[PDB]
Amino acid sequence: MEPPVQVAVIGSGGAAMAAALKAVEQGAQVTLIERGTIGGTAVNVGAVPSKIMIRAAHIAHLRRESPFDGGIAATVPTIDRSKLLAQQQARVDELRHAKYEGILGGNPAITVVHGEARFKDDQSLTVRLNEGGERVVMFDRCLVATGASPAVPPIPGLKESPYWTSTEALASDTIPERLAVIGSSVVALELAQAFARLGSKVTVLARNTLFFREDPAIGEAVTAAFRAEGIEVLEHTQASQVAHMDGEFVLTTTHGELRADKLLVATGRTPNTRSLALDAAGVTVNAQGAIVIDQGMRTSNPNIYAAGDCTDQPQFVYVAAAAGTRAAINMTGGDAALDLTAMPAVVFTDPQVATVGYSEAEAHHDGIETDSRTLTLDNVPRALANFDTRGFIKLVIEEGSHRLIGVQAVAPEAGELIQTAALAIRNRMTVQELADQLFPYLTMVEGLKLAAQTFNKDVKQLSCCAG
């Protein structure tokens, strides 16, 4: 009779949870090791609390102003951040219980160990237990799903100052009068706008332009939107010194001296791999410290897998979970691979950013010949009816085949409409085929159809829902 496979999982985030559950489903016995709070980043200090805070911010903003203020009075709402934080935290705590702790605890084929794991060799871990002492965890296969942590640039004075990462910002019980933000990508900008809408005077120090690594139309639209609601965006601006004196931050910058009550540093994340003794198990990392893996999540050691933010994978919980599931399949004798060809991504600013597939520049880099169309939102009936035409929908096609290969959008509800684009790309549709489908009038997603139609004719001279 053959014994259950012994699977060790390091972490308890989206990747680890998916792996643990799939491994048990496949008949393995799981030992899961977590050094901090169960659930990792998405539930505790990431996606969930951030989206809640952004929704609160949206309501505050719309109470302050709207495109219908000519006929609907607005007021500046009083904000009780203590109550908002309590509400936010209760949902976080509830979800941690329901989807993480309750699922791990209610399964007898799973042992949770509260401690910090490192590799002893290629078939065992040593765990420094949170209650002191150690245990050894022997395994047949191991998944490393240790995630990442906020990166901190070596700006003089920053290290010893009382600055915030996303964690401390989300956990804060007060809205600061003045918030400085160093960074210019999704964490910085999601949180900058939320804090601004909840009452902070926000200044963003962007070392280049916003969303510098994305199609430049994205940063252009987001920058304009931010400035329109009173967020200061200092482009090509870095702080050379941080100080905290007489109860406030003092930043020395290329733009002059800036003062603020709180400072958010949102300058990327780094993989959590330095405490793992990966060399002891022959697990290779890249120049950023990320664990190198193939499409099956296999490391340089055949019995060790890695998934999620501790690898080079896109840092989205749906990617981490998908990777964990497939790692578990492979740890239990299967043959699975992760396909990210139609992976959507959403930035929860207002307007939202959403992308899927190739930008023009990404396609060019991969040797693909392209064409594109960029439909400004003043051509989308829904945006016109809302009297808010900030943004655009951009479609990228392969030349010759006219297959849709990418979409980038800046729009309210961009995160909803992007999934239609994602399915169109998955199903290898041409823009003509997409345009010939019926879309509902006066929805944002109708903009995909209208953009697709501009490859053939002028949408300006097209009648209502022609197609």
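We number the residues from 1 along the sequence you see.
The deposited model assigns a higher average Cα B-factor to 254-262 than to the other stretch when 347-355 and 254-262 are compared. Stretch comparison (424-432 versus 37-45) by mean CA B-factor in the PDB entry places 424-432 on top. You'll see in the entry that, of 194, 204, 285, 380, the Cα B factor peaks at 285. Reading the B-factor column for the CA atoms of 391, 333, 156, 271 in the entry, the top value corresponds to 333. When the modelled residues of the chain are ordered by C-alpha B-factor, residue 406 sits in the middle third. Among all modelled residues in its chain, residue 26 ranks in the highest third by Cα B-factor.
Residue-level temperature factors show residue 413 in the middle third of its chain, judged at the C-alpha atom. When the CA B factors of the chain's modelled residues are split into thirds, the value for residue 398 lands in the highest one. When the modelled residues of the chain are ordered by C-alpha B-factor, residue 199 sits in the middle third.
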